[PDB]
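To start, the structure itself, in structure tokens.
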Amino acid sequence: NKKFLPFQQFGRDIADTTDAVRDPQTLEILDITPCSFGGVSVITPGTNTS
Amino acid sequence: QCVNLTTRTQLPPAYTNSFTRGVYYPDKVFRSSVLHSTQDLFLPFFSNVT
Amino acid sequence: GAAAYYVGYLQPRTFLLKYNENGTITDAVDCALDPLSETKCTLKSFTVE
Amino acid sequence: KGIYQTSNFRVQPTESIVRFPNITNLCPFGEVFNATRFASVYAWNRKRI
Ligand SMILES: *[C@@H]1O[C@H](CO)[C@@H](O[C@@H]2O[C@H](CO)[C@@H](O)[C@H](O)[C@H]2NC(C)=O)[C@H](O)[C@H]1NC(C)=O
Ligand SMILES: *[C@@H]1O[C@H](CO)[C@@H](O[C@@H]2O[C@H](CO)[C@@H](O)[C@H](O)[C@H]2NC(C)=O)[C@H](O)[C@H]1NC(C)=O
Ligand SMILES: *[C@@H]1O[C@H](CO)[C@@H](O)[C@H](O)[C@H]1NC(C)=O
Ligand SMILES: *[C@@H]1O[C@H](CO)[C@@H](O)[C@H](O)[C@H]1NC(C)=O
Ligand SMILES: *[C@@H]1O[C@H](CO)[C@@H](O)[C@H](O)[C@H]1NC(C)=O
């Protein structure tokens with residue numbers, strides 16, 4: 001839903017990473033969201049028993 | 001062909017305050033809800049402008 | 001007729017800019033106006049407690 | 001025995017896409033590098049591509 005001015009092509013967040021990008025053929029604004037997210041933990045009773 | 005419009009060389013110029021004027025976009029990237037620090041040849045606030 | 005023009009001069013300075021939700025620049029701070037403006041420029045907040 | 005933290009959940013890319021502007025013409029390689037007369041060093045020429 002971001003509305004880029006005609007002279008702008010890329011968008012950057014506070015960490016300077018690219019967040020919004022204009023498609024050079026359809027002239028529509030698209031957002032880039034990372035693919036990795038969420039924590040993972042493993043519960044083991046000890047490898048010498050199971 | 002130009003015929004001199006005025007004989008008076010100069011008049012004493014008087015200055016006003018440029019309250020918070022002359023701010024230009026430093027780069028062509030889009031930022032939302034961002035407080036951004038940039039160094040460039042800006043016009044000083046509350047300056048003397050002829 | 002009746003026309004007035006104004007001329008000012010630029011200078012190397014550091015600015016802190018407020019960017020709006022729609023991408024417009026709504027406010028900015030001169031970091032060398034006074035100590036209060038300098039502390040706003042360093043603290044990255046338009047309100048100083 | 002215990003609970004251990006591991007790496008965060010990763011999702012691997014599945015495709016690769018390229019998005020370039022719709023451009024058809026070829027750049028003037030034959031009138032920049034192949035010109036009949038070049039400019040002098042003191043009055044060099046500048047061209048837009
Ligand atoms: C590159 O190709 C795309 C897709 O073929 C062009 O998109 C067209 O844009 C016009 C402008 O309104 C539409 O009327 C067409 O319907 C679009 N095409 C399709 C297939 O929907 C795009 O314009 C091309 N790039 C340039 C610079 O012309
Ligand atoms: C630069 O101009 C020269 C002409 O002096 C080109 O040389 C000719 O190129 C054509 C096309 O490949 C050949 O059929 C001719 O045999 C070439 N002439 C000679 C004498 O060999 C050259 O191709 C041009 N280069 C570019 C990049 O446009
Ligand atoms: C754990 O396994 C090792 C090797 O299999 C064994 O020597 C040790 O006694 C085991 N610990 C317990 C508490 O059974
Ligand atoms: C006025 O214009 C005339 C036109 O030739 C010029 O000769 C003259 O020097 C001018 N007066 C000035 C510059 O004071
Ligand atoms: C501009 O300079 C004049 C003196 O030339 C001074 O009286 C005036 O206060 C100055 N304006 C400011 C500091 O805003």
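Listed here are the residues, each with its yes/no results for (1) at the interface with another protein chain (Cβ under 10 Å from one of its Cβ atoms); (2) away from ligand 4 (no atom under 16 Å from the Cβ).
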residue	(1), (2)
B:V3	no, no
B:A14	no, yes
B:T20	yes, yes
B:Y25	yes, yes
### Query
Which of the residues that make up the range D:14-40 are within 7 Å of chain A (Cβ to nearest Cβ) and surrounded by fewer than 10 Cβ atoms within 10 Å (Cβ to Cβ)?
D:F20, D:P21, D:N22
### Query
Can you tell which of C:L17, C:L33 is in a loop (DSSP other than H, G, I, E, B) and facing chain B (nearest Cβ under 9 Å)?
C:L33
### Query
Within the group A:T49, A:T33, which residue is assigned to a loop (DSSP other than H, G, I, E, B) and more than 16 Å from the chain's Cα centre (by Cα)?
A:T49
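Output yes when any residue across the range A:32-43 is more than 13 Å from chain D (Cβ to nearest Cβ), aliphatic (A, V, I, L, M) and away from ligand 2 (no atom under 16 Å from the Cβ), and no when none is.
The initial filter retains those residues of the range A:32-43 that are more than 13 Å from chain D (Cβ to nearest Cβ), namely none.
Taking every residue of the range A:32-43 in turn, none turns out to be more than 13 Å from chain D (Cβ to nearest Cβ), aliphatic (A, V, I, L, M) and away from ligand 2 (no atom under 16 Å from the Cβ).
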### Message
List the strands (runs of 3 or more DSSP E) inside the range B:11-50, counting only whole elements, that have at least 3 residues being closer than 16 Å to C:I25 by Cβ.
### Response
B:35-42
### Summary
Of D:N45, D:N8, D:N34, D:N22, the only residue that is of a type in the set (S, T, N, Q) and within 16 Å of ligand 2 (Cβ to nearest atom) is D:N34
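Every number in this text was worked out from the coordinates using simple rules, so none of it is lab data. Cβ atoms come from the backbone with ideal geometry, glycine included; neighbour counts cover every protein chain shown.
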